[PDB]
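Below: one structure in structure tokens.
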Amino acid sequence: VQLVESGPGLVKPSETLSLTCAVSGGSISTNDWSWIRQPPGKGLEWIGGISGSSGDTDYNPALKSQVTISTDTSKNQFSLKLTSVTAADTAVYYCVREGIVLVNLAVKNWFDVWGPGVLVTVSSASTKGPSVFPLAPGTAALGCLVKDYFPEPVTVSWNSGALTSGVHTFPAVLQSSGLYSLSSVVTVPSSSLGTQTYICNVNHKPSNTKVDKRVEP
Amino acid sequence: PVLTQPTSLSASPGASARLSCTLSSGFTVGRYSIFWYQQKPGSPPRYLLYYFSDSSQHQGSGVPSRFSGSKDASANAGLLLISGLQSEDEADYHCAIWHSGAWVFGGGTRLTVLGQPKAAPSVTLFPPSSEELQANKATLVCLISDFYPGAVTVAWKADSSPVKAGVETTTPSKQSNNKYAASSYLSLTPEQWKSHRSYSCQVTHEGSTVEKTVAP
């Protein structure tokens, strides 16, 4: 049995998050199913469950007003609908087939078969190129701050790719504004600061923008 | 929370891991079945087992006997015991219980199986650039590197007072030297930045805390 979550990776706040779980090598009608999500860097949260046989549902009480979980036996799918989303709904979403076993005549349910999960990001932001600011400096650390761009990704190089040693580019953060930010840093000899030119090259393909920032002491 | 798990834990290969899942006092652990899941990077969680008592428990299919469940009544906690630790056992371990029409999850414990020497983090803190300030913005950038295991906590301070608002922090990831690095940001207004004596980025890693401070 294989589960594959599908749906838009981006949803605007107050709008509706919709996701479909395609199931192969198994029948929807003969099992119970659940949606579970995991915000970046956080723990798991059970959204809700549905009985493939009765169609009855059980939603997380803290999410009651948002959740709709339905089934489509025709195409062997089951879907999730989250209305009026906010930044709290940014997460990796998993569709799951529940396991069931009887122990001492007691029913035990667990999360048995999992899909790979899909990231859904909530942001009101539209496509926007980055603003690049210099992070001015034995050895010396200098960098550039790649601020307020959307969407991911960007790539960073130094001196058009001629500088790779000691270069470290960090993962992006999602700010409360709905825009991304990251930083790249390189460690260079202090004596090179007055002789060598250091430029960070930032490439943001989604907006077709490249920004080069000369970083000076 | 209902279920409290340590954020991280580390142990040596071949040793034993004891992962705790502490239930808040309204939830007597003796009354609940504790479910455990194992999650490896970029991959969905995997059902390990559930445990209620010695006579009421079940192992997940394909899950070796070295993974076992137990309870600590005096601590009101569910336990996941792992013997003969292998490097592959490195994962995020989640506990869960069922209560009143809903599943409740713990925060998950990141277990590291030690595979290299421990190392305290190096910290570099950048003040807002002149260019950013002139664009009516201010960002403090705290770069953290060269640490192992890959679990740290980041706290920001305005003068000596803690600051939570405007903080974003990345999950630690390995660099080319096989050690971990992460980054944290503090967003400020130019006036906030200029009106304070100093701001600090404070990083905790196991028994050490490293703090860097910048001033306008």
Side-chain angles (χ1 to χ4, degrees), chain A residues 1-7 9 17-52 57-60 63 67 69-72 76-82 89-101 108-120, chain B residues 3 5 19 21 33-50 58-64 67 69 80 88-98 102-111:
Chain A
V1 53
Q2 299 161 264
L3 281 67
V4 178
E5 305 89 359
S6 180
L17 184 156
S18 293
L19 293 175
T20 304
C21 181
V23 179
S24 183
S27 182
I28 294 294
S29 305
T30 58
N31 291 276
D32 280 33
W33 308 83
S34 287
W35 285 98
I36 298 182
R37 68 176 178 191
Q38 186 179 29
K42 302 303 295 181
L44 300 171
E45 185 185 23
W46 177 74
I47 297 171
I50 187 166
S51 177
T57 49
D58 194 340
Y59 303 146
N60 194 323
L63 272 58
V67 185
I69 301 183
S70 312
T71 57
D72 199 332
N76 216 35
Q77 308 169 354
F78 76 99
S79 57
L80 169 63
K81 179 167 73 66
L82 291 184
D89 299 281
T90 293
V92 173
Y93 286 75
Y94 299 97
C95 62
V96 183
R97 194 181 77 180
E98 295 201 24
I100 181 178
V101 69
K108 300 300 179 185
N109 302 278
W110 75 95
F111 306 116
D112 184 23
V113 183
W114 294 65
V118 57
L119 177 67
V120 184
Chain B
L3 301 178
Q5 298 181 262
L19 293 85
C21 176
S33 297
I34 317 300
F35 294 78
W36 290 93
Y37 295 84
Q38 180 194 65
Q39 183 181 27
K40 302 183 182 183
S43 196
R46 161 208 185 185
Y47 177 71
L48 289 173
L49 55 92
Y50 96 90
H58 214 252
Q59 198 84 349
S61 56
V63 180
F67 293 89
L80 174 60
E88 69 154 352
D89 295 338
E90 178 163 332
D92 195 346
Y93 292 87
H94 310 275
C95 66
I97 69 170
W98 171 265
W103 284 101
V104 187
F105 279 93
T109 295
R110 300 180 185 270
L111 174 67

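Side chains are part of it too, since the values below use all heavy atoms of this structure and drop only hydrogens, waters and symmetry mates. A, B, ... follow the sequence lines: proteins, then strands. Residue 1 opens every chain.
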Verdict with supporting geometry, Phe67(B) and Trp36(B), ring-ring contact (aromatic ring centres under 6.0 Å, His included): CA-CA 10 Å; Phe67(B) 293 89; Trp36(B) 290 93; over 10 Å; no
Residue pair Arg37(A), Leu82(A): steps toward the side chain to side chain contact (heavy atoms under 4.5 Å, CB included) verdict: CA-CA 12 Å; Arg37(A) 68 176 178 191; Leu82(A) 291 184; 3.8 Å; yes
Residue pair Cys21(A) / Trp35(A), side-chain heavy-atom distance below 4.5 Å: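 A side-chain contact under 4.5 Å exists here.
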Min side-chain heavy-atom separation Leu48(B)-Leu80(B) under 4.5 Å: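 The answer is yes, as the side chains (C-beta and beyond) meet within the 4.5 Å cut-off.
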Check: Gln59(B) side chain, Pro64(B) main-chain N or O, donor-acceptor pair, under 3.5 Å: yes
Where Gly43(A) and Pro39(A) come nearest, the two heavy atoms and their spacing: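 Shortest heavy-atom contact: O-CD, 3.6 Å.
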Distance-minimising heavy-atom pair for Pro40(A) and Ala91(A): CD-CA, 4.1 Å
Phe35(B) CZ to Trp110(A) CH2 distance, which is reported to the nearest 0.5 Å: 9.0 Å
Parallel, tilted or perpendicular, as decided by the 30° and 60° cut-offs, for the rings of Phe105(B) and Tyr37(B):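 Plane angle between 30° and 60°, so tilted.
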Check: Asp89(A) and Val120(A) side chains under 4.5 Å, non-hydrogen atoms: no
Euclidean distance, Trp114(A) CH2 relative to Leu3(A) CG, rounded to 0.5 Å: 11.0 Å
Full working for side chain to side chain contact (heavy atoms under 4.5 Å, CB included) between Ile34(B) and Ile97(B): CA-CA 5 Å; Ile34(B) 317 300; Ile97(B) 69 170; 3.6 Å; yes
From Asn76(A) atom CG to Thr71(A) atom OG1, the distance as rounded to the nearest 0.5 Å: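 Reported value, rounded in 0.5 Å steps: 10.0 Å.
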Atom pair CG/OG1 of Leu119(A) and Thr90(A) - distance to nearest 0.5 Å: 7.5 Å
Side chain to side chain, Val67(A) and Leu80(A), heavy atoms closer than 4.5 Å: yes
Beyond-backbone contact of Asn60(A) with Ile47(A), side-chain heavy atoms, under 4.5 angstrom: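 No. Closest side-chain heavy atoms not under 4.5 Å.
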Modelled atom types, side-chain donor and acceptor of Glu98(A) and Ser34(A), under 3.5 Å: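 Per modelled atom types, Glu98(A) and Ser34(A) side chains form a pair under 3.5 Å.
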Shortest non-hydrogen contact from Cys95(B) toward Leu3(B):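 Heavy atoms only, the tightest pair is O-CD1, 3.7 Å.
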Contact check, side chains of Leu17(A) and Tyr93(A), non-hydrogen atoms, under 4.5 Å: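 Yes. Closest side-chain heavy atoms under 4.5 Å.
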Spatial distance of atom CD1 (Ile36(A)) from atom CD (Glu45(A)) [nearest 0.5 Å]: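 Those atoms lie 10.0 Å apart.
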Shortest non-hydrogen separation from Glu90(B) to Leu111(B) and the atoms involved: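 Minimum heavy-atom contact is CG-O, 3.2 Å.
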Heavy-atom donor-acceptor pair, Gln38(A) side chain to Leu44(A) backbone, under 3.5 Å: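 No; judged by distance alone, with no hydrogens or angles, the pair does not exist.
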Heavy-atom donor-acceptor pair, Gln5(B) side chain to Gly108(B) backbone, under 3.5 Å: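 Yes, the answer is positive, given that a donor and an acceptor are paired below the 3.5 Å cut-off.
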Worked check of side chain to side chain contact (heavy atoms under 4.5 Å, CB included) between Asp32(A) and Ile100(A): CA-CA 9 Å; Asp32(A) 280 33; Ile100(A) 181 178; over 6 Å; no
Heavy-atom side-chain contact between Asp58(A) and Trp103(B) under 4.5 Å: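 Not in contact.
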Heavy-atom pair with the smallest gap, counting every atom of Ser43(B) and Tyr94(A):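 Shortest heavy-atom contact: O-OH, 4.2 Å.
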Beyond-backbone contact of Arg46(B) with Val63(B), side-chain heavy atoms, under 4.5 angstrom: yes
Taking every non-hydrogen atom, the tightest pair across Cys95(A) and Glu5(A): N-OE2, 2.9 Å
Point-to-point distance, once rounded to the nearest 0.5 Å, from OH of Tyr59(A) to CD1 of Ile50(A): 6.5 Å
Greater than 12 external heavy atoms within 6.0 Å of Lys40(B)'s NZ: yes
